[PDB]
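Heavy atoms only: backbone and side chains are in, while hydrogens, waters and symmetry mates are out. All residue numbers refer to positions in the sequence shown, counting from 1.
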Amino acid sequence: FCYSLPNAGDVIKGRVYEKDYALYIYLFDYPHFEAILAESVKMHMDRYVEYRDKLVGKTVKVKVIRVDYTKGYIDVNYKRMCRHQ
């Protein structure tokens, strides 16, 4: 293996999108990893709807919680909105 990787705890930027019942994020510096907002997967229905409405299409900062470099997956948690949004 080889390639650039973020470290757990790192706060990085990307654009949020929805897919397969959850919120994911297109990480600007890690475009080839499927990055999911871990907290959105099992979030209770009504709050999930609000969460999706608040974040989809927005540019945000997220904190890295887990990196699977062999399979290409990254789990993150939404932190804050960007200046570009």
Residues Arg47, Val49; criterion side chain to side chain contact (heavy atoms under 4.5 Å, CB included); working and verdict = CA-CA 5 Å; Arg47 281 196 294 110; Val49 174; over 6 Å; no
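- Here the closest non-hydrogen pair linking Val64 and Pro6 is CG2-CB, 4.0 Å.
- Each of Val41 and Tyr21 belongs to its own hydrophobic cluster when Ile, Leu, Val, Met, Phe, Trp and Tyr are linked at side-chain heavy-atom distances under 4.5 angstrom.
- Enclosure of atom OH in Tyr48 by more than 12 non-hydrogen atoms of other residues, nucleotides or ligands within 6.0 angstrom is indicated.
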Side chain to side chain contact (heavy atoms under 4.5 Å, CB included) between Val62 and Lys79, intermediate numbers included = CA-CA 5 Å; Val62 298; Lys79 181 185 175 61; 5.6 Å; no
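- In this structure, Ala38 and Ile65 approach most closely via the heavy-atom pair CB-CD1, 3.6 Å.
- Annotation: the span from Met45 atom CE to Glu50 atom CD amounts to 9.5 Å, rounded to 0.5 Å.
- Atom CZ of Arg80 and atom NZ of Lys63 lie 11.5 Å apart (nearest 0.5 Å).
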Chi angles and distances behind the side chain to side chain contact (heavy atoms under 4.5 Å, CB included) call for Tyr78, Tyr51 | CA-CA 10 Å; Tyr78 163 71; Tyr51 208 55; 3.2 Å; yes
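- Residues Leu5 and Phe33 have side chains in contact (heavy-atom distance under 4.5 Å, counting atoms from C-beta outward).
- With a 6.0 Å radius and a threshold of 12 heavy atoms from other residues, nucleotides or ligands, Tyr17 has its OH atom above the threshold.
- The two residues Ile36 and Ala22 come nearest to each other via the heavy atoms CD1-CB, 4.1 Å.
- Contact check for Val56 versus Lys58: no side-chain heavy atoms found under the 4.5 Å cut-off.
- Using a 4.5 Å heavy-atom cutoff, the side chains of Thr70 and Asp68 are in contact.
- Residues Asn77 and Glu39 have side chains in contact (heavy-atom distance under 4.5 Å, counting atoms from C-beta outward).
- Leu27 and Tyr24 fall into different hydrophobic clusters, where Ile, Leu, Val, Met, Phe, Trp and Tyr residues are linked whenever their side-chain heavy atoms come under 4.5 Å apart, directly or through other members.
- Between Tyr69 and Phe1, the ring planes lie tilted relative to each other; the angle falls in the 30° to 60° range.
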Trace of the side chain to side chain contact (heavy atoms under 4.5 Å, CB included) decision for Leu37 with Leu55 | CA-CA 11 Å; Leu37 271 187; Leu55 306 176; 3.9 Å; yes
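- Nearest heavy-atom pair across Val11 and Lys61 is CG1-CB, 3.9 Å.
- With hydrogens and angles disregarded, no donor-acceptor distance shorter than 3.5 Å links the side chain of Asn7 to the backbone of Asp10.
- Side-chain atoms of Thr59 do not come within 3.5 Å of backbone N or O of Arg15 as any donor-acceptor pair.
- Hydrophobic clustering, with ILVMFWY side chains joined whenever heavy atoms are under 4.5 angstrom apart, groups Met81 together with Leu23.
- Between the OH atom of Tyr26 and the CD atom of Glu34 there is a distance of 9.5 Å, given to the nearest 0.5 Å.
- Across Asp29 and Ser4, no two heavy atoms sit closer than the pair O-OG, 4.4 Å.
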